[PDB]
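Read off the chains here:
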Amino acid sequence: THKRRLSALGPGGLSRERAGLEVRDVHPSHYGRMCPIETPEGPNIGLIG
DNA sequence: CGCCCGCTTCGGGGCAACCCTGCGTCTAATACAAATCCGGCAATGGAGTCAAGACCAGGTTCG
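Rules used in this analysis
Residues numbered from 1 in each chain as written, not as in the entry; some residues may be left out. Chains lettered and ligands numbered in written order. Part of a larger assembly, values for the part shown. Heavy atoms only, no water. Residues with missing side-chain atoms left out of burial classes, pairs and counts. Helix = DSSP H or I, 4+ residues; strand = E, 2+ residues; numbered from the N terminus. Contact = heavy atoms within 4.5 Å. Salt bridge = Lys/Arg side-chain N within 4 Å of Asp/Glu carboxyl O. Buried < 20%, exposed > 50% of the residue type's maximum accessible area, 1.4 Å probe, protein only.

- Method of structure determination, per the deposited record: cryo-EM was used for this entry, reaching 3.39 Å resolution.

In structure tokens:
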């Protein structure tokens, strides 16, 4: 699970303080491409899948 | 009846305060003088050391 892990942070990506609230939610296109369950539950919810 | 002219009202601009869309190897020496380290004898002179050796004073033993 450390492999096959999809993030949105890092270089070339948005910062944590600049993270919009809408990019943390589950779009309905995620069905089959990203898990809507497994994610860190700190101040990183939805930024890492 | 129309007209100027500053007074107020909003716009736009301008500016001040915080993050990363941020985050290269380079002529090459010589010549000389001054300062400084340092290595090694070369005077020590005072401070420690051994040993003899004397100094009685009061237990201790002997008469």
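Back to the write-up after that little detour.
### Digging into the overall build of chain A
Part 1 of the argument: Counting secondary structure elements, chain A contains zero helices and zero strands.
Part 2 of the argument: With the C-alpha coordinates aligned to their principal axes, the bounding extent of chain A is approximately 30 × 25 × 20 Å.
Part 3 of the argument: For chain A, the proportion of contacts with a sequence separation of at least 24, taken over those separated by at least 6, is 53%.

### Here's the deal with the pattern of salt bridges
Part 1 of the argument: Within this structure, the stated rule accounts for one salt bridge.
Part 2 of the argument: Here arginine 5 makes a salt bridge to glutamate 38, at a shortest N to O gap of 3.6 Å.
Part 3 of the argument: In this structure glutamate 38 comes out as partly exposed when scored by relative accessible area, which is 43%.

### What to know about the environment of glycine 46
Part 1 of the argument: Given the relative accessible area of 23%, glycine 46 is considered partly exposed.
Part 2 of the argument: Here the alpha-carbon distance between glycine 46 and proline 36, two residues 10 residues apart in the chain, equals 8.5 Å.
Part 3 of the argument: Here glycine 46 is in contact with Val23, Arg24 and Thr39, once residues within four sequence places are set aside.

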